[PDB]
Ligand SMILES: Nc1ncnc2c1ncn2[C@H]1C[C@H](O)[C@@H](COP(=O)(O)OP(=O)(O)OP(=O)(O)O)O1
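One chain comes next, on its own, written out as structure tokens in the form solved without the ligand.
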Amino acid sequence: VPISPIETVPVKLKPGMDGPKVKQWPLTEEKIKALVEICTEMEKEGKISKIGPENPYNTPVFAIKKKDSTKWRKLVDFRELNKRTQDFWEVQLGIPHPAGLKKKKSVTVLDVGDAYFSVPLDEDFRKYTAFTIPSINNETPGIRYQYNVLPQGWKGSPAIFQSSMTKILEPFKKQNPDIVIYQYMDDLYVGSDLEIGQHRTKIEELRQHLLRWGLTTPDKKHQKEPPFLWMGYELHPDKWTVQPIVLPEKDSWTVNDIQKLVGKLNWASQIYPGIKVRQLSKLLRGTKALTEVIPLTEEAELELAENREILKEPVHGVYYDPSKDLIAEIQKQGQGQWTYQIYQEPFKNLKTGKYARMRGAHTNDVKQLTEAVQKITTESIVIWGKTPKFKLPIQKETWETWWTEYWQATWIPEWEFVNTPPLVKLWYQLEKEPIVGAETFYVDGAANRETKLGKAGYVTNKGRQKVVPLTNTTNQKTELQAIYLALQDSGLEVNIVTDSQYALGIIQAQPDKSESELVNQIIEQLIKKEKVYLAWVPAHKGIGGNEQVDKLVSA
């Protein structure tokens, strides 16, 4: 029964570069013995071919003893040819997430081992795969070979393999749409909602269809039985999870303990609800030396104990049903940390996740919530191809007040209020117009660039004044300090006039928490207030009030 040839993929080298010429290493006598037995065999199978003296290219080959197998194993060091081979559109640039799959009655694995070496290699490229087997005692010309199929460990072998496998599977998929197929590495995952009888026939239908191209399947009922272990996951007929997550419990935690606790709890946060890593990941910021031990803060150990109790029991996620709605629900956890669960039916998570605020001096709860939504939205387009409905801990009037007043454009898709505290709220809100009958504070500050000495104070329309002297301060601190004093010494309604474009920029950004010790005190003051109108005037134009207090603080 004739087989079909698999169309070869024209490969070339990166333009400007030539093929590889690195030297062949000296091998032991037994290693040379083994490579001859393997390569003689592989030549019979058509996978490689002897070549003459013309081909000047050389890739080195080693021999690695297996752990308990007395069958040697060959290994070509293709690292040099990979630096020279062209770039491919790697069709594995994304792997599926278990939460997006559609529950299938039966799922079979098919292992495509020798399929890798069933795939031809472009004739004009085979010249670069050449390698020498050094002869006994270096007394003959080391026999020369070149590959005729996709070699193990070559840059383009995964791409060319999956594109050829895809080309072959498309007719099968078309002529029976009741079967879905996924391909990764050496494995085929094949499933359907068919009566388990019809399913196996269609498996056989696929296995014969594969031999149409001379491809060999595992005939046996294969040993891989649920759970499938795949890319760190555990997949069951009705649920998935991650391969077990158990924490190293130590007293001395090094720096290569923390960076790898980073990679794990992030990995675990996709299904384990409520994982936090702010204070813990905040430990790494400084040094790259890979041996240092650090004391955690009393907020990084108290956070890690809130982790372990999440991780005592196994947790599982549900598979996706396209006819029920998709829902995402966010909870604030404090310290710029947020968690979300994605589900379709209550208490049956498809997946979970966390969001940490980006690094910045000043921040805001509403902006963080908005940022988290965009992350979940993009994540949901990937996995499910649609945006979930959001349940957010923020009231419809808070959000309406925010986005209609905020200076940036901003938007959330379809969402509704969920009353699970702590709630996101607007802690203060500035006036649009000057307040009638409210005392008007003209503030100013100034510092001496040399001595770091400066003053900060105010003057009002009711004759009230203050000037305060400061040490080790800048112009920007005094301008903030002056506004702080006006907030301190005023009633529940106040008009502030300032010339600090810097101060106005911070406060018009509406922060509710800051890394600046001084900005936080101002926020705390604004919270106590009822109405605050902040007004700006240009400096050094002699604006009264501003001119008077500028002279008092520059003195």
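Residues carry their position along the shown sequence, with the first being 1.
Below, we turn to the form deposited with the ligand bound, even though it does not appear here.
Contact annotation: of the candidates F125, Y355, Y116, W253, the single residue with a non-hydrogen atom within 4.5 angstroms of the ligand in the entry with it bound is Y116. With the partner omitted from this view, the residue of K288, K71, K462, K312 that lies near the ligand in the entry with it bound is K71 [heavy atom within 4.5 Å]. Residue contact check for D186: one or more of its heavy atoms lie within 4.5 Å of the ligand in the entry with it bound.
Taking non-hydrogen atoms only, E303 never approaches the ligand to within 4.5 angstroms in the entry with it bound. By the criterion of a heavy atom within 4.5 Å, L121 is excluded from the residues contacting the ligand in the entry with it bound. Using a 4.5 angstroms limit between non-hydrogen atoms, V112 touches the ligand in the entry with it bound. Residues from 272 to 308 do not approach the ligand in the entry with it bound: none has a non-hydrogen atom within 4.5 Å of it.
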